[PDB]
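For this one, two forms of the same chain are given in structure tokens, first as structure 1 and then as structure 2.
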Structure 1
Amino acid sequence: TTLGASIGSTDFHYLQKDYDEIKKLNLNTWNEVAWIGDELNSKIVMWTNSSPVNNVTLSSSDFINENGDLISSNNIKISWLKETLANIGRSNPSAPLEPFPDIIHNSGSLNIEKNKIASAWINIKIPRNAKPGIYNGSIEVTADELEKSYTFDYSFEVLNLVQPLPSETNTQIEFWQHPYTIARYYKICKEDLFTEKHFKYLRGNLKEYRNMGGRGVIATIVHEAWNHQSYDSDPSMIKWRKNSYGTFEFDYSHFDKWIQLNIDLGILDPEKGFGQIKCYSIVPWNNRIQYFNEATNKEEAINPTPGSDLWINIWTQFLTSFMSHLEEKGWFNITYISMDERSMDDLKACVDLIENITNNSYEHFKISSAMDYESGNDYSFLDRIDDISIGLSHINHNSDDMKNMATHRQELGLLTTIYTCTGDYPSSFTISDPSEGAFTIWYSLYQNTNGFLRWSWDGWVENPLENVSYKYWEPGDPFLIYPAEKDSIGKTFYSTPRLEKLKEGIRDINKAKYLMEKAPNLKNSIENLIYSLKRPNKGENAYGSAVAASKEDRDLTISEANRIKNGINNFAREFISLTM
């Protein structure tokens, strides 16, 4: 056999180390269920033996249902998975470097070396006016050194309900963007920051964010707010200066161009009250504020303690100015001041100060924060924060405290999400099973929250297409998308299987939410299905990375997502039958 091929799962990686087991696969048919306007993903895994194989290509037919209705091959995109190297540890420079097929790369032909695995990602977009039914088609694999091509039989059912547009839903997604990292990677010089030259490298990935449901847009308001935790520095989008009167002045230039970009793309809509500007942060690292002191002609820094007279003085200067600026733009009503996981004493000082500063219409800034909530029903303080995100590692699965806390917030019209980060399992790292992202999103609905937050849209290292390794965290933790090649003419980013599985989770919880709203005789039964979700236990590999606690826990992540999705599609069929 020069080239072997099988359908493979999108839930886990097919790795070079598993070559001998992968070569035993022989799956030749696939079927899944979608809504009108939904998407499906599949994968074909291939392998070479002792000869290289050249010009491997995959092609889809049109898909046709039992009434001759057509879903064009125009709607099918087949992209090779590209591997990149990852140190498999966390803060462990001596851990092994291994390849991972983390990049959904380009369409077209691939030459494959001897004794290798290579996989191709298949994406099927169901048009928003597709007719329901069972559709049949095929994908053909050809190569130069392959006498007999492979034909894989594909089918899917389109159910007679319409996948909601993200704007139609109540799902909250927030992924933090780092547009200065994009500028670094694509060689955008300082003077071209937030010009069209920079925007050409931002718009594609920001539309990707918008189209999957992204609503939150982060903007830094002080210098180096996270103490340079990432490969790239975090510049402030608002420049601070101290003048000869001893008081502060602010330059919003970058902030304004970044926010307006997101408005023009339709992520934010201040007039409609849609989306959030998350301003990071009133509690930056060690309270440190760097500013240019005009009187001495040098950069200086202070780190006033929250609630001190000096801290109140400085933050009242910033907040009242910023508020007036935002009101001039018409952006105030969607703007949140972000806090972070800090001492309760510091958080209380922030909330006290922000509630005190009001516009001429008696409104204060909205407030957003990560919080460490684990138990109890005292919601007095949390009710003063308009959007909170709880990390997975703080959530006790055995208890209803989280769900009760989030339900109280839903009733008050406040926002709640969960997040994952370094050390969590399930998570969204290069080394994760992609399936873990779908599980994550279902977990957000299990907890009766609005959705999901992650810090990590695009925090690229130097050359992530070749090596994602960073001095901190599990590999891939800081980015869900890849850049394109530095000299690309065309694409400006690549997606990842782990991102695509977040997107699948989001579409599928949106199905659940649609049915809970539209189908009253089914709502309680749907809630009870979601509330049956199991949670896998976590452990660690030998190099400090969070992983499943066992093979049983690993398989549970997959089988639970499957199970819930199938139950929801059965409720969908029930609702369709009722509606007739």
Structure 2
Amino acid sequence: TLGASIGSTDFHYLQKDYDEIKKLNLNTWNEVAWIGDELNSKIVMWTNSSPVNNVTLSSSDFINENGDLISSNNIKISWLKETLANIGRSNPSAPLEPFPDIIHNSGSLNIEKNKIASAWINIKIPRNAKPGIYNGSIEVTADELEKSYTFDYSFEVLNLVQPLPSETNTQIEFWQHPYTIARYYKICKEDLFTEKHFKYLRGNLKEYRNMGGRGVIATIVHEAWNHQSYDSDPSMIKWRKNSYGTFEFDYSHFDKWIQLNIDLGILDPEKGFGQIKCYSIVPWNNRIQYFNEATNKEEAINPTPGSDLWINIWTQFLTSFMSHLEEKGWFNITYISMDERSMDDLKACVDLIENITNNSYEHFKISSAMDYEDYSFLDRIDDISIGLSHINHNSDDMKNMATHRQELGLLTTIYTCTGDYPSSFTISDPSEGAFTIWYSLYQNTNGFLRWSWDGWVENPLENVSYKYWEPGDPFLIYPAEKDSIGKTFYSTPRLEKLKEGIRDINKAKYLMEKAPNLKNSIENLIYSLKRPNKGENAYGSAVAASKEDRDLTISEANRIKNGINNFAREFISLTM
């Protein structure tokens, strides 16, 4: 009636693989955690000819050798919900297949005949948990099921404390799209950035904060990315050309958005913690749009970057914006940002921003993300992000540039997007994200940027397909059901793997400071990282170059994590 086994969180259990999945029989799991850490696992279940109703998974408490308790309340077991994804990229003919990308709800599930269904297991180790080897069990029952399943779980909690994100130097930046969340939840224009809107922003922003999120995107012009996404990108700063004929700037949305992020502890502008990333002085395809009171219509202009028109406009804005930010106590964390723009384009922004100054001797910090590989010029950009496919693994150019930038107190990250492998798509193996984070440390960068926190298509919970990109590329979280009372978002295996990677690179860095006698050995481990090459599937999506490369991504991420935890054991053995 019902089959069950522990499954890996590294990859998806797909319906198409029913025949193979049916063969699984793993009944134990063990892992290593620090105090304040989290672990993940998964149970995969399958039906045969009969449907099975009221399938439930229940956790025992977790008990260490001393009898100390980690309550079953710290263990959340959530069904993985499938959604439909076109498996291609810009390929409407590609197969539309289901993927268990959504960490959905706890409680009971009815499963139809001849089906795979899996449940994600999230284990939180309290920040005051006692060290030790903790044992517990997860039981699977269902109405029809004669013999229930009990799976035996253990985890060792090492006597070291997982760093708080504030206590690390990890840089994490995921682009938020609060007007997309408004659209999905039918928040009207009149209620934008009111508590009615915040209802649906607060919880996912706390999720972002809690995993290490520091960067906060804000749009400063209309349609900065030329409406590449399903949803428009409105400006948080409204532009009007008035009756006399001058430009006015309405900062209301900007202010309410930023203050929210301050209130939640993502930004701290007095303290220079976090970033405000203002996109952009170079909108994609150059259009600057504004409401002209004469002629009363919306209007636009196409100035190419650098010109006198361009200089004066952005001067104007940057001037107002400066004063505006000085008013707030915010100016020190504000970056003017550019997304994959020309080298010649960047030239201008550095020059114009050079000029706009205040009586205090202060300057607008600058940010650029590049889809392309002498620091004279780049040193004038305070935060740069380089795409993974543009990092040559067989050169030290990246690592040397990032080492240099760090010496100057500048920011450097890596990003992934459409066409990358490893990456963070619905179709990706979730372990690819943990690899991605490790790779940011291998290249000696500050961390990881991704354009895609919450860029929902129409109804992600049922279909994720979009005209462009691999499926799921624009969002790392799902919305909740539209009418939901309570829940406002759901996480994903791929997001949980990015979280894991972040925790673990934070471990490595903590250990290299705490254990000088082990630092070189830790570094040797980190710099042993192998890199899979990329290929494409038949439908245009990036994938591993081969089965061997695909398996390498997974094995490497595990090898490094386990290495670091075994070094932690050695240091603990030392300082006892």
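For residue numbers, the reference is structure 1: its sequence is counted from 1. Definition used throughout: the rigid core is the maximal C-alpha set that superposes within 1.5 Å between two forms.
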query = Picking from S488, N243, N463, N396, which residue has its CA shift by 2 Å or more between structures 1 and 2, once the rigid core of the two forms is superposed?
reply = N243
ask   = Under a superposition restricted to the rigid core, does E294 display a Cα displacement of 2 angstroms or more between structures 1 and 2?
value = yes
query = If the rigid core is lined up, how many Å does the C-alpha atom of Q447 shift between structures 1 and 2?
reply = 0.3
ask   = Rigid core superposed, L310 Cα shift between structures 1 and 2 in Å?
value = 1.1
